[PDB]
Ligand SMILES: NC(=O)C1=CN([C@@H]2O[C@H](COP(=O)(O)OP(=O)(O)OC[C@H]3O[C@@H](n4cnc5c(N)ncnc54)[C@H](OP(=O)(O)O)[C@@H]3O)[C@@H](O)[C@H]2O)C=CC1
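One chain comes next, on its own, written as structure tokens: the form deposited without the named molecule.
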């Protein structure tokens, strides 16, 4: 009668900063045991501090989602130590190659965690889209493309794994206040505020709450869906 993720293990890729960090803390707040990942040892260490610092049981690991070996080994380490990850949030990220590489990483990781979810006959996979913030024309092409790829992928994977009570969903952030976007040139940021009906940048936490909800038992009938979290700014 609640959104408690007590007893569940969650894996959040790219958790050392920004959105991923905010997602790790939110799932922690909800009672999940949280494994966050980064590509470096110091990133993984930092994830661990942040967890203790906010009273979250879990760990930081080194993970490169572009390589089969890293993925296989990492998942093994988790299984042997903390249990099977039943919540998995892919947040660790020229148009063609970017999208092709991202989606190969989603599929890789998703397929690897699926054996565990299948066995438990329950699971949540949640895919975070790229943030809006794209120095140029290139960057609109790239965001629209990444979004279309995420959506069709998420929908297709949901249909494939649905019969096992595993939901698969995506979250498509708009213009979010992050360490990356605070660095954009003022003209570019203001031109983006001018496009957003809510008249402000979204917070990382505001992405994390959606992920938090999608991970809950309450969201059990939501699958193959891509939830936009963009303040009313839609770009396609």
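What we label the rigid core is the largest C-alpha set whose atoms superpose within 1.5 Å from one form to the other. Numbering follows the first chain given and starts at 1.
The following text describes the form deposited with the named molecule bound, which does not appear among the structures shown.
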Ligand-site obstruction classification: the named molecule, superposed in the deposited complex, backbone or C-beta within 2.4 Å
blocked
Select, from the options 79-87, 113-121, 128-136, 160-168, the stretch whose residues sit within 4.5 angstroms of the named molecule in the deposited complex by heavy atom distance.
128-136
Residue 40 near the named molecule in the deposited complex, any heavy atom under 4.5 Å?
yes
Does at least one non-hydrogen atom of residue 198 fall within 4.5 angstroms of the named molecule in the deposited complex?
no
Within a 4.5 Å heavy atom cut-off, is residue 223 in contact with the named molecule in the deposited complex?
no
Since only the chain is shown here, I'm wondering whether residue 14 would be in contact with the named molecule in the deposited complex (any heavy atom pair within 4.5 Å).
yes
Within 4.5 Å of the named molecule in the deposited complex, do 50, 56 and 58 each have at least one heavy atom?
no
Determine the residues of 51-72 with a heavy atom within 4.5 Å of the named molecule in the deposited complex and present them in sequence order; the list may be empty.
63, 64, 65, 66
Quick check on the comparison between the shown form and the other one: with the core aligned, only one of 165, 114, 158, 144 should show a Cα shift of at least 2 Å. Which one is it?
144
Tell me whether residue 52 is among the residues that move between the shown form and the other one (Cα shift of 2 angstroms or more, core superposed).
no
Hey, does residue 192 budge by 2 Å or more at the Cα between the shown form and the other one once the core is superposed?
no
Answer yes if the CA of residue 133 moves 2 Å or more between the shown form and the other one after aligning the rigid core, and no otherwise.
yes
Did residue 135 and residue 128 drift closer or farther in the deposited complex, going by a CA distance change of 3 angstroms or more?
closer
Sense of the change in Cα distance from residue 225 to residue 137 in the deposited complex - at least 3 Å versus the shown form
closer
